[PDB]
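K.L.:
let me give you the complex in parts, starting here:
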Amino acid sequence: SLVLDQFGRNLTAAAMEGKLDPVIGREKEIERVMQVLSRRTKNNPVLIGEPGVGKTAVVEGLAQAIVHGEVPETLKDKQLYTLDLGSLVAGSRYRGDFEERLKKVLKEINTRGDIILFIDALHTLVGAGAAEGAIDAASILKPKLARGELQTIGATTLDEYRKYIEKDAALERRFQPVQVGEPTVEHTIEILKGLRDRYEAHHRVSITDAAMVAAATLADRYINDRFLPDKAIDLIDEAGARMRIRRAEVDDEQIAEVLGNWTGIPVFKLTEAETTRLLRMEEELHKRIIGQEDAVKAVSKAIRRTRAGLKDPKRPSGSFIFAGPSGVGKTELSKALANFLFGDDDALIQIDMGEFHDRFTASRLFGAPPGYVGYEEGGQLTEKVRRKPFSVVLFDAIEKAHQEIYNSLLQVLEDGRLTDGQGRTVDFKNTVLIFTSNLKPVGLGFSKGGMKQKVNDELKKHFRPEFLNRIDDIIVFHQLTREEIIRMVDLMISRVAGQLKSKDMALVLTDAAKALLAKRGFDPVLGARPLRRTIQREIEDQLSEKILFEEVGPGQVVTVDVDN
Amino acid sequence: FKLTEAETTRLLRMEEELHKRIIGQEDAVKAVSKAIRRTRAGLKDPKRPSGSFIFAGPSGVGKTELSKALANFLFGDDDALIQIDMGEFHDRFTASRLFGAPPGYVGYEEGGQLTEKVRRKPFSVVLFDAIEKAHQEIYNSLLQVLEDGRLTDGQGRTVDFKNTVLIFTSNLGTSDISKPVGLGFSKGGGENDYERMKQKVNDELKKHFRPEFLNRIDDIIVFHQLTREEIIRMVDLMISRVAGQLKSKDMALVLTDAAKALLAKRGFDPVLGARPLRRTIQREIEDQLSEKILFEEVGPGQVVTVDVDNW
Amino acid sequence: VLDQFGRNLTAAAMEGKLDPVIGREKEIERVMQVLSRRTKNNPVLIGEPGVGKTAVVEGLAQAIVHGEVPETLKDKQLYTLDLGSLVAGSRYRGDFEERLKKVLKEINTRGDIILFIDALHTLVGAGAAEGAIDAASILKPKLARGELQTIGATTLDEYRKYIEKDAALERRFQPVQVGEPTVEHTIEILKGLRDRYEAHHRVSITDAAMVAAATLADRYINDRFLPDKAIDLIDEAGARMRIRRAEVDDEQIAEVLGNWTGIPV
């Protein structure tokens, strides 16, 4: 064809073909491009915005506005060629080969006189054709962009404008920063209704009105590394690609099952099984947690809030201080919660707060700041939640942190986000934060009976009451009663049998033997670790002597009679 | 730009439209709306920022919410609120997150959390949450802002703050200001907790900060603990969280006057009133609906009412 | 090894262009003792800057010609090597590595080379980094098999900071501590060098000049070491005598010391 067609595509001729997506909205942004393009000296609008806001789609909406006739008469019938700089450098082996193939482009624009060049990725203009010798494409274009011999719409991101164009301060002045902002959800549902015809044509499925409202709403709060126009388009496009692999309609709920399989955040209307399990959530968490009934039905109600669609979209899903005596199930409930929501307690994000003993290990929560080592790894808590935003985040022994480790979590527990050292606010909104604080016999002085208010007010003296107001529920745990230690014996014997006696050996305990373990393992002030030390002192060390001696060995059922 | 007459009546009713998100807090909303009215009228000093506020007082009574309410009035969202906090900046070298690394140290081309967001929109409400929980070297760097409205980055370039609304939310005023009664004998409320107590919040800022940081900050507003009259109006605002998009889909949550009264009675602290009301509506309303939506006693196509059948 | 990045110190010692080395005869034996090893034969000369570490090797390069070799150092040419000169001119990839693999190719083909590299603090990080290809990754396989004889020179701090902090570099260079010489040893250095300084400046340096240069340099100068701060005094005094023109004494080296240090008279 011609020179311009070799290196770019005529985006107006492709708009006459209808191969461009229709652009709803953006009328302030397109009229701002055309009023920059109509200027005398610099008529070069760079379209800067976050990656995803549709700053390419503005010119895609401009190339339509030319060929629809919505364009002013000073930009009437002007062919808007995009420019692949990679097509210009390709095959430019020889010395003047890139410069001539760039000046042939520019001679063609001045010859025709109806060309609006569109250099997408304007940060790649500097260094285009850079080598050991020859002049890059930016320093070629510098006299033409300032004097007005060339109309060039730029479209770079905000990061790439700062990293590569603002570091070339002569090139920055020769463009006009047109702030292509991230559209609102009310603007995105007009994008999506305008794009409904292009996805009903491609996927051969009709996307309902509620699914456009859902995909723009659900993408705003459940995604924060991507921008509204695209990430809401990503939910309509992929749910349209659900239904074309099952062939009718793309439901409101068809969007939420795409988002739920993408972030990992369950946002869909519940399966009949999952509805019954979540009303069984107390009695399923009691399969591991013996006792601690108000501890379970405080942390089970937080998951019922998230799954009933009553999660506060600013606040995290749950924020708990599991205070109480050492060994009664603070960490075990955080593991029983993580097994309930995920299937294993290895999905529990456990930040062991005893490691943070001074003020400067807070750089492990959010990583190093710029200019320091460990900046590239960007945090050992923030990056655990960018991958899994639906997470139970355990802060084990938060009392043993410094007094301003947890002051770094004062925006985590109301605003629901923590700014990374690299500069990324990460959504702690879909997390369940748990702060297990650890709070011997009787206290000072005369008192009847013998407690929870001693634990509550010690949190007021240790923790800063900015941090306590952000906690949803402070749960002081119970002493494990003797009727709960008997049930705890059955749980810990169920550890050594079946998981550690897969030797064709079966472990059976008589009811007098479980009563003897409960009478030896029961001390109110510790709870369930003296029981666990009893079982490895009465049962499974005498049993390990019987396996090595092969008194009772592999292929034989062990019964445990009572010793005395 | 010269004011559209619709926008002028918004600035004249700026207090009343910030009181649609802030309940109570009379002189707090007022002294912030005065900073926007002296800016759009063209009466701003062109050597200082548009507003340099300290929101001192009890934690979570509207300090960060007025900063979000101000960002709603000026932009329509809280995503234009440049909330670079200060309670994660406890070390001196975390000031390189505000400014970026100097060139030749990693993260210098992308560095700057504060200054690169302010350079995009110089008219930006900048919130500094928990300003006292930063290292003292950040203040000496942020003293450059309050004198000139210009600030040198790590890269060695300037950035305009003469149009920002700087808000230095300080949680100072929680030692015995977080305690409702003070020390010793005195009369009832407003004589033991605002005429015994607001001097101590001003004293805790004069000792923690250098004076030239406070002299250039043009408003220091100790905030009010919320009265029971300022809680009954908040329950109407907190139900609107629940009865909105969380319950808008084919359900309608209306609460009786008996039910709004119990939340104001159970969610009242005489030091607080935003967060314990947020918790008691979460515990007594929002946990009860979460069980009833999943068990489908309250489903789509119903109007669930809440009352108190105990009195 | 080419004469581009260093020079042949044994060919210089055969022509007698190197400094006569009086003293350090015990240190040269310790270098020969490390160089006579089958593996790890790499003596690093640990000494303060300007204590005569090259003068150990200049005397060692003479001992190749004088025949004081252990018969495993016989007819071994000793090319000195500026490690930083291979670094200079490297902004693109494979600039340092090509010029380092060339000079190691010219050792396997020639077969009698003893490199003297100075600045072994430059060895760690001669390229981009340690995970990148540096000279502290190319030399190391041949420094453990004895197929490459490199004589080193650090300070003591450069040896602590760059070699003792480097795993697998302590074991490949064997420390030879070139000490700081005493005042009488320094005079005997100056007694051997005077046939060069009296023939270069065309002056006569008296015996009283050197007993003063070994005393006044320790007495007044503390930022720099003796077997250099004493050589310098009878060097510049011969140049000042050539400039003012002839006999150097403890009055001619006197005003040379007064030029630097803040002494009005």
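P.N.:
Good, I have the coordinates. Numbering: from 1, shown residues only, chains lettered A, B, ... in the order given.

K.L.:
so which residue is smack in the middle of the chain?
P.N.:
Picking chain A for this. In chain A, the centroid-proximal residue (Cα atoms, centre = their mean) is residue A:386; its distance is 3.8 Å.

K.L.:
switch to chain B, please.
P.N.:
Geometric centre of chain B, nearest residue: residue B:64, 1.7 Å, by Cα atoms, centre = their mean.

K.L.:
contacting residues for the closest residue in space to residue A:358 that isn't next to it in sequence?
P.N.:
The shortest distance from residue A:358 to any non-neighbouring residue, by Cβ to Cβ, 6 or more residues apart in numbering or on different chains, is to residue A:402 (5.6 Å). Where you see a C-beta, it was placed from the backbone N, CA and C, and this is true even at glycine. Going by Cβ atoms under 8 Å, 6 or more residues apart in numbering or on different chains, residue A:402 touches A:356-359, A:361-362.

K.L.:
which residues of the stretch 451-564 of chain A lie near chain B?
P.N.:
Within the stretch 451-564 of chain A, the positions near chain B by Cβ under 8 Å from any Cβ of the partner chain are A:464-466, A:469-470, A:472-473.

K.L.:
closest to residue A:322 out of these?
P.N.:
Among these, residue A:473 lies closest to residue A:322 (Cβ to Cβ), at 9.3 Å.

K.L.:
quick check, the residue in the stretch 1-150 of chain A closest to chain B?
P.N.:
residue A:48 (8.6 Å; Cβ to the nearest Cβ).

K.L.:
where does that residue land in three-state SS?
P.N.:
Three-state call for residue A:48 (DSSP: H, G, I helix; E, B strand; the rest coil): strand.

K.L.:
which residues touch it?
P.N.:
When contacts are counted by Cβ under 8 Å, 6+ apart, residue A:48 touches A:55, A:155-158, A:161, A:177-180.

K.L.:
ok, residue B:93 next?
P.N.:
Applying Cβ under 8 Å, 6+ apart, we find residue B:93 in contact with A:369, A:371-372.

K.L.:
of those - the most surrounded one?
P.N.:
Greatest neighbour count in the contacts of residue B:93, by other Cβ atoms under 10 Å in any protein chain shown, goes to residue A:369: 26 neighbours.

K.L.:
hang on, the earlier thing: so which of the contacts of residue B:93 are in strands?
P.N.:
The strands, defined by DSSP state E, take in nothing from these.

K.L.:
re the thing from before, wait, the residue nearest to the centre of chain A sits on residue A:428?
P.N.:
No: using Cβ atoms under 8 Å, residue A:386 is not in contact with residue A:428, being 10.4 Å away.

K.L.:
with the structure above as the base, add chain D:
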Amino acid sequence: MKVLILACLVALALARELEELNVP
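P.N.:
Next up, chain D placed on what we already have:
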């Protein structure tokens, strides 16, 4: 005593490969 060392990592000074201009 509790004076922290401030690692202060430099940006990577690294080599560059080359596109070359072809000649006869």
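
K.L.:
now that chain D has been added, could you go back to the contacts of residue B:93?
P.N.:
If you count contacts by Cβ under 8 Å, 6+ apart, residue B:93 has them with A:369, A:371-372, D:6.

K.L.:
check residue A:183 too.
P.N.:
Residue A:183 touches A:25, A:53-54, A:191, A:228-229, counting by Cβ under 8 Å, 6+ apart.

K.L.:
ok, now how distant is residue B:204 from chain D?
P.N.:
Noted for residue B:204: a distance of 25 Å to chain D, by Cβ to the nearest Cβ, to the nearest Å.

K.L.:
related to what we said a few turns ago, among the contacts of residue B:93, which pair sits farthest apart?
P.N.:
Farthest pair in the contacts of residue B:93 (Cβ to Cβ) is A:369 and D:6. Separation: 10.5 Å.

K.L.:
contacts only, for residue B:91.
P.N.:
Neighbouring residues of residue B:91 by Cβ under 8 Å, 6+ apart: A:359-360, A:362-363, B:135, D:4.

K.L.:
could you redo the last one with a cut-off of 10 Å?
P.N.:
Contact analysis of residue B:91 by Cβ atoms under 10 Å, 6 or more residues apart in numbering or on different chains lists A:359-360, A:362-363, A:369, A:404, B:134-135, B:137-138, D:4, D:6.

K.L.:
one more: residue B:180?
P.N.:
B:58, B:189, B:192-193, B:197, B:225, B:269-272.

K.L.:
phi first, then psi, for it.
P.N.:
phi -80, psi -20 (degrees, to the nearest 10).

K.L.:
which residue does the stretch 101-250 of chain A have closest to chain D?
P.N.:
Closest point on the stretch 101-250 of chain A to chain D, by Cβ to the nearest Cβ, is residue A:131, at 4.2 Å.

K.L.:
correct me, but residue A:158 touches residue A:164?
P.N.:
No: taking contacts as Cβ atoms under 10 Å, residue A:158 lies outside contact range of residue A:164: 11.6 Å.

K.L.:
and residue B:167, what element?
P.N.:
Following DSSP states H and E, one finds residue B:167 within strand B:165-169.

K.L.:
quick one: the strands in chain D, in order.
P.N.:
With DSSP E as the criterion, chain D has no strands whatsoever.

K.L.:
leaving out chain neighbours, which residue sits closest to the residue in it positioned nearest to chain B?
P.N.:
Closest residue of chain D to chain B, Cβ to the nearest Cβ: residue D:11 (4.9 Å). Spatially, and ignoring its direct neighbours in sequence, residue D:11 is nearest to residue B:106 (4.9 Å; Cβ to Cβ, 6+ apart).

K.L.:
wait, doesn't that neighbour sit right on residue A:421?
P.N.:
No: judged on Cβ under 10 Å, residue B:106 makes no contact with residue A:421 at a distance of 11.2 Å.
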